[PDB]
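Below: one structure, written as structure tokens.
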Amino acid sequence: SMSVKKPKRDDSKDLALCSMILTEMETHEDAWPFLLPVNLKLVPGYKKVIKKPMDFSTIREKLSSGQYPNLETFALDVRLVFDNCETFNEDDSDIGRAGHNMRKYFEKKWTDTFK
């Protein structure tokens, strides 16, 4: 509360560390469904169904331009990519499997770096 604070965590490396995680996600062989925004002119149903499209190139641009206020907002966009994937794609499909794989990959890096 006012004048009552937990000891100050060093957040000075967070930006660099999120960048590194994102590079690791970008270079994973199963990243291909997530690298660029879904083409809303060419994929029937996506625009109406997926209220908040997100992809790794969009996260990279937001990260590089100071649009994440803290590491929780960054994790929320990464998770949105996989939540969107699950919404639109059957589990038993190449893309559906890709999204589960990538979510697991991310969550381990996230825990290992920050927990």
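Following the order of the structure tokens, first chain is A, next is B, and so on, with residues numbered from 1 inside each chain and ligands from 1 in the order they appear.
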Please provide the set of residues having any atom within 9 Å of residue 54 in chain A, restricted to only C-alpha atoms, with same-chain residues fewer than 6 positions apart removed, written as a list in words.
residues 34, 36, 37, 38, 77, 78, 80, 81, 82 and 84 of chain A
Within 12 Å of residue 96 in chain A, counting only C-alpha atoms, which residues show up once you throw out same-chain ones fewer than 4 positions away? Write them as a count of residues only, please.
20
Report as an NGL selection string all protein, DNA and RNA residues lying within 10 Å of residue 113 in chain A, evaluated on only C-alpha atoms, omitting residues in the same chain fewer than 6 positions from it.
:A and (14 or 17-18 or 21 or 107)
Print the selection's residues with N, CA, C and O atoms to a file, as a tab-separated table (two decimals), in the first residue's frame.
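The resulting file, again34.tsv, is reproduced below:
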chain	number	residue	atom	x	y	z
A	14	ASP	N	14.54	-7.94	-18.18
A	14	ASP	CA	13.33	-8.59	-18.68
A	14	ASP	C	13.17	-8.44	-20.22
A	14	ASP	O	12.74	-9.39	-20.90
A	17	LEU	N	15.56	-10.68	-22.03
A	17	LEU	CA	15.21	-12.06	-21.80
A	17	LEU	C	13.92	-12.49	-22.62
A	17	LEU	O	13.89	-13.63	-23.18
A	18	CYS	N	12.91	-11.62	-22.63
A	18	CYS	CA	11.68	-11.90	-23.46
A	18	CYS	C	12.06	-11.98	-24.98
A	18	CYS	O	11.57	-12.84	-25.75
A	21	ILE	N	13.66	-15.42	-25.56
A	21	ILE	CA	12.58	-16.46	-25.61
A	21	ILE	C	11.88	-16.40	-26.96
A	21	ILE	O	11.63	-17.46	-27.57
A	107	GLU	N	6.14	-22.39	-22.18
A	107	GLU	CA	5.84	-22.39	-20.78
A	107	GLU	C	7.05	-22.89	-20.00
A	107	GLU	O	7.31	-22.35	-18.89
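Omitting residue 16 in chain A and its sequence neighbours fewer than 6 positions away, and counting only C-alpha atoms, the residues within 12 Å are residues 22, 23, 60, 63, 64, 71 and 113 of chain A.
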DSSP alpha helix (DSSP H) residues within chain A, listed as a ChimeraX atom specification:
/A:14-26,46-49,56-64,71-88,94-114
From the set A:99, A:70, A:62, A:3, which residue has the shortest atom-to-atom contact distance to residue 28 in chain A, counting only C-alpha atoms?
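Checking each of A:99, A:70, A:62, A:3 against residue 28 in chain A, counting only C-alpha atoms, the winner is A:99.
The interatomic distance for the pair CA of residue 106 in chain A and CA of residue 58 in chain A works out to 16.6 Å.
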Atomic distance CA of residue 65 in chain A - CA of residue 98 in chain A, expressed in Å with one decimal:
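Taking CA of residue 65 in chain A as the start and CA of residue 98 in chain A as the end point, the length is 27.8 Å.
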